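# Structural features, examined
The chain contents come next:
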Amino acid sequence: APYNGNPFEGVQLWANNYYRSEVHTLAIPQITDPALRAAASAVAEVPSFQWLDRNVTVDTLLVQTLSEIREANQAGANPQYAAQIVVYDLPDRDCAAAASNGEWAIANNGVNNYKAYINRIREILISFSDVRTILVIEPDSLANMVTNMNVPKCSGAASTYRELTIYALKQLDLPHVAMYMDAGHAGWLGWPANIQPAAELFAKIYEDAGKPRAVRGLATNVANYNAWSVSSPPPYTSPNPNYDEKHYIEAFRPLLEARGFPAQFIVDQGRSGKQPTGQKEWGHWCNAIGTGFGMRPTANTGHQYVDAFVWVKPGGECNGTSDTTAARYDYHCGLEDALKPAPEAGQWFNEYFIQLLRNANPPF
Ligand SMILES: *[C@@H]1O[C@H](CO)[C@@H](O)[C@H](O)[C@H]1NC(C)=O
Ligand SMILES: [Ca+2]
């Protein structure tokens, strides 16, 4: 069914069974403290995004989640449930990273692979038109075109990133869908030197895709730890005047809007409840210590440019291994402020889940 306006209005957000199963089968059996067990049970009910970060998730997880939401809705959920999905499988993924877990390469049929993936997602979303579906498009993609064009892999991938982003925006432009393109975070694109070039890029992409109706705007702070709004700059932010997501968005939106894209925002707060964090530097993104579960997902943001506070990166799923000998080891995961020992990316990291619970704000 179609919708008008903020896609988070008029619906409840579904808490998916993948994250719920992680908490109940992997986390809780390792927790003996009664209060931490009850807190863990509560966090399993908080609705976070489900990531299509490997092709095999499309005909498994996506179908299962949509099917379960349809069942719940037909069983009288009121308001009806909506889905929250991340599209995250560009070829030559994460072009500026030390290592990437992306499965596809431009040199090994990756363009065709990606187009087919988007096409299959489109078929499934059409099947499940009755389930309003909110998408984050490709974290750690186009932000690289703003600041990392000096990196050979990024320069070589840029036309592909742009073309395939446009492809997804047009193919997924369906009446029951909303899309938010990833736009980095305050400590990446929010630096004053980067903010106008970033606005130029995202507004051009939006134009070149034909300003698809389903595109609501941009997502920020995905898989990062930034504050929404704090009174004092965390020490690792200096001297960026845009030291939280509110400052970033308030500076960013006017530049985007003058360029034709009056973007609304969603802001990840799933690991933002403790401020400042235990990061020693802003660019230390992997399994950062001293972080907490943050404000609960809601459409009631109170801010004119923010459609929702969300939990995009699910807390407890590892950002990368601390094993320096692993094939896809990223040195960020070995830093002094990265919790260790850490399993492979995507594996449940229970010590990190417990950290998030202990530092949760609001508490569980
Ligand atoms: C991706 O998964 C689909 C099924 O959803 C399958 O048909 C296709 O072959 C897979 N892609 C690749 C490149 O293996
Ligand atoms: Ca510093």
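Let us look at the structure shown here. (Residues numbered from 1 in each chain as written, not as in the entry; some residues may be left out. Chains lettered and ligands numbered in written order. Heavy atoms only, no water.)

The immediate surroundings of ligand 1 are formed by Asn55, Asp59, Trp104, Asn113 and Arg120. Contact distances for ligand 1 include 2.3 Å between an oxygen atom and a side-chain N or O atom of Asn55. With respect to ligand 1, the side chain of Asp59 contributes an N or O atom lying 2.6 Å from an oxygen atom. For ligand 1, whose unbound accessible area comes to 360 Å², protein coverage reaches 45%. Grouping the amino acids of the shell around ligand 1 by side-chain chemistry returns one nonpolar, two polar and two charged. (Near = heavy atom within 4 Å. Polar contact = N/O pair within 3.5 Å; in protein donor to acceptor, adjacent residues only side chain to side chain. Areas by Shrake-Rupley, 256 points an atom, 1.4 Å probe, with all protein chains shown as cover. Nonpolar A, V, L, I, M, F, W, Y, C, P; charged D, E, K, R; others polar.)

A few words on the pattern of salt bridges. In this structure the tally under the stated criterion is eleven salt bridges. The shortest N-O distance in the salt bridge between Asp53 and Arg54 comes to 3.6 Å. With relative accessibility at 36%, the residue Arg54 sits in the partly exposed group. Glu257 serves as the salt-bridge partner of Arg253, at 2.9 Å between the closest nitrogen and oxygen. Linking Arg253 with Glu257, this pair stays in helix α8 (residues 245-258), spanning four residues, or about one helical turn. A relative accessible area of 39% means that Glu257 is categorised as partly exposed. Via salt bridges that share partners, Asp59, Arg120 and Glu123 belong to a single interconnected network. (Salt bridge = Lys/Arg side-chain N within 4 Å of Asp/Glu carboxyl O. Buried < 20%, exposed > 50% of the residue type's maximum accessible area, 1.4 Å probe, protein only. Helix = DSSP H or I, 4+ residues; strand = E, 2+ residues; numbered from the N terminus.)

Moving on to the pairing of strand β8 (residues 306-310). The element β8 is largely enclosed, with a buried count of five among its five residues. Sheet topology places strand β7 (residues 264-268) next to β8; four bridges connect them, and they run parallel. Of the residues in β8, the one forming a bridge with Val267 is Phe309. (Pairing = 2+ DSSP bridges.)

Here helix α3 (residues 58-74) is 17 residues long and its end C-alpha atoms lie 23 Å apart, about the 24 Å a rise of 1.5 Å per residue gives. If you check which residues of α3 are buried, you get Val58, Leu61, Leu62, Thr65, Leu66, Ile69, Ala72 and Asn73. The buried residues of α3 occupy one face: seen down the axis, they fall within an arc of 125 degrees. Across α3 from its buried face, at more than 90 degrees, point the exposed residues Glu71 and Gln74. Here the buried face of α3 lies against α1 (17-27), β2 (50-52), β3 (81-87), α4 (110-127) and β4 (133-137). Just downstream of α3, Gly76 is the residue with a positive phi angle, here 95 degrees. (Expected span 1.5 Å × (residues − 1). Arc of directions from axis to C-beta. Contact = heavy atoms within 4.5 Å.)

Interpretation note: all reported values are geometric properties and have no functional meaning in isolation.
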